[PDB]
Amino acid sequence: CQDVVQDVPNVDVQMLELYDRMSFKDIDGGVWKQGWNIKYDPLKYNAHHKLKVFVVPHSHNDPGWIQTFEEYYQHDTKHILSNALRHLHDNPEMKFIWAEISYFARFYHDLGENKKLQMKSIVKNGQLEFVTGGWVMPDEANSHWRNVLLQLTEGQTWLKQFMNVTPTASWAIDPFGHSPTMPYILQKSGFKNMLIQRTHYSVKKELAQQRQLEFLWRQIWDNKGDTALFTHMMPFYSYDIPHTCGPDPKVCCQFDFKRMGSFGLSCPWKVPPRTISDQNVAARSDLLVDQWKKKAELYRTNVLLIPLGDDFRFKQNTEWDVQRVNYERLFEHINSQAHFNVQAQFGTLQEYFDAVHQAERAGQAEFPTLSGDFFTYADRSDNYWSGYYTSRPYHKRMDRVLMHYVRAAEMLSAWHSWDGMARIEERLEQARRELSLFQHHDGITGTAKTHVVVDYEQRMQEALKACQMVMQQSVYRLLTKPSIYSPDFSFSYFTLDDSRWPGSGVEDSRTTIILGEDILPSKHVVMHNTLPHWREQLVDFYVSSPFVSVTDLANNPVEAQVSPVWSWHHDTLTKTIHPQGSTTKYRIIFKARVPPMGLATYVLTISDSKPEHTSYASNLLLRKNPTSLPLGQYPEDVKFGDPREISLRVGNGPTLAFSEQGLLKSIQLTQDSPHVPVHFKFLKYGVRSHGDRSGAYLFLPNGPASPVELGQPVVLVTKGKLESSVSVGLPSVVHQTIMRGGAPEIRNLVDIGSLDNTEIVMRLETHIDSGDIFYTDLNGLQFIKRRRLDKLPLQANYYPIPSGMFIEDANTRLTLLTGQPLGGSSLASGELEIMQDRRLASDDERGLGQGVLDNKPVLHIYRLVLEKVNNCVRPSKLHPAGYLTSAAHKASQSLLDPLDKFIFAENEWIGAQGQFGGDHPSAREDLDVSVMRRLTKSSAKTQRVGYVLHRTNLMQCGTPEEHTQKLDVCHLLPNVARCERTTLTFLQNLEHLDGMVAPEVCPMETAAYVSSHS
Ligand SMILES: O[C@@H]1[C@H](O)[C@H](O)[C@H](NCc2ccccc2)[C@@H]1O
Ligand SMILES: *[C@@H]1O[C@H](CO)[C@@H](O)[C@H](O)[C@H]1NC(C)=O
Ligand SMILES: [Zn+2]
């Protein structure tokens, strides 16, 4: 295995180093506004060396943005595809590329057989070519890598099944900045090439000057280069026709033949296109070939890519004709005029890349190696697109909840083969497709219109219900004696209980377990652990009595804690935010221990008085002017006091100190150690009163944030043997610090209310001497080093925080893990900050046509891990990556993939069993089974199950922590007959494995395996 820590890769372009050197001046470069006046030597191309030009027609079809997926399909996309089928069939030299398989599958299944056959024929002959082949063109900032892979696999599995093709070239013209997670996944999914577009205008200028727009993009820790993927970055401001023929949009706009008037489009540079004729074709060709030769100067081969398209183009038959006939006249002239030394034709993306690599093999060019990312994007001036790292945070959090529920549903149901009447495949396909659709670059990014966001939410809610159904049928089958198991596939044997989604104060969605001497003495509950190691985690349930005790299924008592159910209320009468306790529902909390990828059953039993193994939390309400807080049968009366600083310690864990406003002020790791200053603070950013306004995409603050004025907030302290917490009602945020014995969990119930033009940020202030360095993750896959640059504006120093961020010095590190993607930064040494929500009254001029005024309460979750790192083996100062410690990685897993909780729904569970998976191997902590999916329906003689195995890389800090089992996923199901390593989409077999054993993977690697069973 390659060492991902100690060897700094040698690359030609390392983006962090490039950023440190670049000046980012925004000067007027002439017609290429952000470039320079390109010059070329007319003698470069000649009879023996012609410029080969591929004009690639395309149509960017957003699966929701200003209209919903279905509205665009009915109004635009079905017409584009129907006319592409007709026009390509009738014009054999015409070509077209298609990216979004969600729309293609929606169209194809509505086609009659004759047209399906015609469609297959234009794909098979190369006229219609799929690029990427994912369900969508995903956001690359907020998306988790697991969901980028899910949506890629959904689209490519559909293409293999129905079109018999698997794209090896990727097209990503619209995500708002780009992540190396893409080439990581694509290269392990059979790809050979990829194309990107939205990168900072200063980066395009710098790379263009060095002809480094095509490069071998490798991961930041890859010393050898085996992860490298050839990448083409487009050079100009946009992917539309005006910014794709060459450097001068005035000129290129004249070659967009949809802009002469009858289509309602025009050229803003004020010169319209003119129909090509024999009287003007030589002058029009002179102008166009000059643009092409200028664009060609920015690249190293004699093969030039000219995209020809825009949003929802190629819709009308007349548009197909106007673009095709005019370009055919230009090609016929140009290709026959030897003096141009050009051969131009319609082409596809793969045709472009194949010709570039033929040139490279002929020795005509060598390409530079590059590592790093392309965040944060700015398309012009100081307009940095860091707002969408936070926009519509409720749905950003929902993405991570559904991510986990899809994984758990696919894994729980993979253990068995199911009759078609159980509708398991149907519900999992719906869930995978709705989650995949949301990965679109206007879905999770929060950049769609309000009614489109509602559509995505409704689709994800349906997907969650589908996952719950599959999960609860699976648990019933896995834990019921086989000869007693009697399923009704439409029945709810268990309901899921989720404590953090939508969350307390967001929705009253949780069911209370109703127990009573005159109704039901006890209730079974079951926990599922999707991770491949034994895991303990505290779990809680709402119960109708405080006198409840827990037992495992061998009837062994389990220590438990009962706490009240507290809800916070903005009291419009007293004008205070304060908690109210329930007098009939209580929370019972206990430690569940669950096998790797397994299930564990417990029983909750009511008693007439305090049970021997159940303790009760104390509660202290700190506020001036308190009033009583009755809790029914709860055995401990609530205590009151004036606001004051307080300290808490659960177990042998850290001791946390809090200010009189209920916010953390210090963390003491052990009895002897120092109280390390770690202060939480809430602040607000505003919007500019003149100039450009923040909106869904852009963050354009009116200066550094100002502290939220807190008043004298009400603080609630709950102290228990298993769990304690400090909660405070701040303006727009009920902030909660929860302690269970290890790093605390932070929960924020964020309700920005009617605060227009406000962004609420949560900041951590420490004295850690981090300087200008911090680390943020990319798609939940890797941590990349960031350097704050005071030569760039505040918003340029914000980066995506898809799952975590940290700062460190020689001795100390503070890591904040998140349960949802948000934007964040470190704006000064010792600080971390992460945006909670943003409400904006103005549109930011990117086409959305609205601000963001549809905020709703959201419960954000985090873990805060303060650690000593002076003993850790860390990368050298010049390495671009960072790595988590074991405790921070486990904390992230606790947020993203917690235990699932099931409540048996009827009175008696006949045939109940206590555990499933006790014999599953407990794999080393850095290894995960990211995906377990049965790939065959029950009628297949040979069953196939696919696994995606990911190993992260954790710092070695001196903990022996060893003795684990080898996990061979191919032997998890019985009767294995073959084991194969495959691409990550499971679509191509790469290696037939000896002894049917699937080897574990190296740190930072991801592999896929499929086991076949008779
Ligand atoms: O994803 C949606 C938005 O967020 C924007 O990116 C739109 N494209 C706008 C556009 C049109 C022509 C060229 C470049 C961008 C649309 O595709
Ligand atoms: C699918 O594509 C391959 C490669 O072109 C071809 O040989 C095969 O016949 C096609 N259809 C089948 C039989 O899967
Ligand atoms: Zn788009």
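In this chain, residues are counted from 1 in sequence order. Values below: every heavy atom of this structure, side chains too, minus hydrogens, waters and symmetry copies.
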### Message
So, taking the atom named OG in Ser179 and the one named CG in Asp373, what distance separates them when rounded to the nearest 0.5 Å?
### Response
6.5 Å

### Query
Quick one: side chain to side chain contact (heavy atoms under 4.5 Å, CB included) partners of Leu935, sequence neighbours excluded?
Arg933, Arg944, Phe986, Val1010

### Task
Without swapping roles, check the side chain of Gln2 against the backbone of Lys224 for a donor-acceptor pair under 3.5 Å.
yes

### Query
Passes side-chain hydrogen bond (donor to acceptor under 3.5 Å, both in side chains), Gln439 versus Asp399? Steps please.
CA-CA 8 Å; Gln439 307 313 301; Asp399 174 83; 2.8 Å; yes

### Task
Please identify each residue that fulfils ring-ring contact (aromatic ring centres under 6.0 Å, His included) with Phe24, with sequence neighbours left out.
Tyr19, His200

### Task
Could you tell me which residues satisfy ring-ring contact (aromatic ring centres under 6.0 Å, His included) with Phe96, sequence neighbours excluded, listed by chain and number?
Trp98, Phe314, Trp320

### Query
Less than 6.0 Å separating the ring centroids of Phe54 and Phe346?
no

#### Entry: Donor-acceptor side-chain pairing of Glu214 and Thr231 below 3.5 angstrom
no

### Message
Could you check whether any side-chain heavy atom of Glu129 comes within less than 4.5 Å of a side-chain heavy atom of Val131, counting everything from C-beta outward?
### Response
yes

### Task
Answer yes or no: is there a side-chain heavy-atom contact under 4.5 Å between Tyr883 and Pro875?
yes

### Task
Dump the intermediate steps for side chain to side chain contact (heavy atoms under 4.5 Å, CB included) on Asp20 and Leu789, then the final yes or no.
CA-CA 8 Å; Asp20 205 15; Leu789 297 174; 4.2 Å; yes

### Query
Side chains of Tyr389 and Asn142: does their closest heavy-atom pair fall under 4.5 Å?
yes

### Task
Evaluate the criterion side chain to side chain contact (heavy atoms under 4.5 Å, CB included) for residue pair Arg400 and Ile444; output intermediate values, then yes/no.
CA-CA 10 Å; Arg400 295 306 199 253; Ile444 186 172; 3.8 Å; yes

### Message
Contact between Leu984 and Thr153 at the side-chain level, heavy atoms closer than 4.5 Å - yes or no?
### Response
no

#### Entry: Which residues share a salt bridge (charged side-chain N to carboxylate O under 4.0 Å, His left out) with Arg380, sequence neighbours left out
none

### Query
For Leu16, which residues count as a side chain to side chain contact (heavy atoms under 4.5 Å, CB included) partner, sequence neighbours excluded?
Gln14, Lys785, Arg787

### Query
Is the centre of the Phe375 ring less than 6.0 Å from the centre of the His178 ring?
no

### Query
Heavy atoms, side chains only, cut-off 4.5 Å: are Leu531 and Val929 in contact?
no

### Message
Determine whether a donor-acceptor pair (N or O, by modelled atom type, separation under 3.5 Å) exists between the side chain of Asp968 and the backbone of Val997.
### Response
no

### Query
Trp217 and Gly372: which non-hydrogen atoms are nearest, and at how many Å?
NE1-O, 3.0 Å

### Message
Once side chain to side chain donor-acceptor pair (under 3.5 Å) is applied, do any residues pair with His144, and if so which ones, sequence neighbours excluded?
### Response
none

### Task
Look at the rings of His357 and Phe367 and say which category their plane angle falls in: under 30° parallel, 30 to 60° tilted, over 60° perpendicular.
perpendicular

### Message
Among residues at least two apart in sequence or on other chains, which ones pass salt bridge (charged side-chain N to carboxylate O under 4.0 Å, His left out) with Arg813?
### Response
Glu808

### Query
What closest approach, in Å, do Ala359 and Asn302 show between heavy atoms, and which atom pair accounts for it?
CB-OD1, 4.2 Å

### Query
Looking only at atom types and distance, does a side-chain atom of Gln151 sit under 3.5 Å from a main-chain N or O of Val148, one as donor and one as acceptor?
yes

### Query
Can you name the ring-ring contact (aromatic ring centres under 6.0 Å, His included) partners of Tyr201, sequence neighbours left out?
none

### Query
For residues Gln782 and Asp777, is any side-chain donor paired with an opposing acceptor at under 3.5 Å?
no

### Query
Is there a side-chain contact between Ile38 and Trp36, using heavy atoms and a 4.5 Å cut-off?
yes

### Query
Using 4.0 Å as the upper bound for N to carboxylate O, is an ion pair formed by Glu206 and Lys204?
no

### Message
Which residues pass the salt bridge (charged side-chain N to carboxylate O under 4.0 Å, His left out) test with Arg951, not counting sequence neighbours?
### Response
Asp926, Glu1000

### Aromatic plane relationship, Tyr697 with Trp385 - under 30° parallel, 30 to 60° tilted, over 60° perpendicular
perpendicular

### Query
Hey, which of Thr132, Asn61, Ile173 is the one that makes side-chain contact (heavy atoms from CB on, under 4.5 Å) with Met137?
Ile173

### Query
Passes side chain to side chain contact (heavy atoms under 4.5 Å, CB included), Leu304 versus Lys295? Steps please.
CA-CA 8 Å; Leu304 180 70; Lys295 196 180 189 189; 4.1 Å; yes

### Query
So, do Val342 and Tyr45 sit near enough that their side-chain heavy atoms are less than 4.5 Å apart?
no

### Query
For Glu17 and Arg21, what are the C-alpha separation, side-chain angles and deciding distance, and is it a salt bridge (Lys or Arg N to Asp or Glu O under 4.0 Å)?
CA-CA 7 Å; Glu17 185 277 339; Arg21 302 186 311 231; 2.3 Å; yes

### Task
Verify whether the ring centers belonging to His232 and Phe215 lie closer than 6.0 Å.
no

### Query
Does the ring center of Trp221 lie less than 6.0 Å from the ring center of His879?
no

### Message
Could you go through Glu140 and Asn779, starting from their C-alpha distance and side-chain angles, then the distance that decides it, and tell me whether this counts as side-chain hydrogen bond (donor to acceptor under 3.5 Å, both in side chains)?
### Response
CA-CA 7 Å; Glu140 299 184 19; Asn779 312 94; over 6 Å; no

### Message
Could you work out, with salt bridge (charged side-chain N to carboxylate O under 4.0 Å, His left out) as the rule, every residue matching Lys188, not counting sequence neighbours?
### Response
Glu1005

### Query
For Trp171, which residues count as a ring-ring contact (aromatic ring centres under 6.0 Å, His included) partner, sequence neighbours excluded?
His58

### Query
Are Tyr775 and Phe806 close enough that their ring centers fall under 6.0 Å?
yes

#### Entry: Presence of salt bridge, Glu360 and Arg300, under 4.0 angstrom
no

## Note on the structure
Residues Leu896 and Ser803: closest non-hydrogen pair is CD1-CB, 4.5 Å

### Task
Show your reasoning for whether side chain to side chain contact (heavy atoms under 4.5 Å, CB included) applies to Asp174 and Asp62.
CA-CA 10 Å; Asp174 211 28; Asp62 296 292; 4.2 Å; yes

### Message
Both conditions, 6.0 Å and 45 degrees, for the charged tip of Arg786 above the ring of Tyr799: are they met here?
### Response
yes

### Query
Among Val931, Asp897, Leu435, which one satisfies side-chain contact (heavy atoms from CB on, under 4.5 Å) with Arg146?
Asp897

### Task
Identify the two heavy atoms, one from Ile306 and one from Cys245, that lie closest to each other, and give their separation to 0.1 Å.
CD1-O, 3.8 Å

Check residues 158-168 and write down every donor-acceptor pair under 3.5 Å in which the side-chain atom is one partner and the other belongs to a residue at least two apart or another chain.
unit_1, atom_1, unit_2, atom_2, d
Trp158, NE1, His109, NE2, 2.8
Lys160, NZ, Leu987, O, 2.7
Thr168, OG1, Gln350, OE1, 3.1

### Message
Are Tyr384 and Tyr798 packed together at the side-chain level, in the sense that at least one heavy-atom pair is separated by less than 4.5 angstrom?
### Response
no

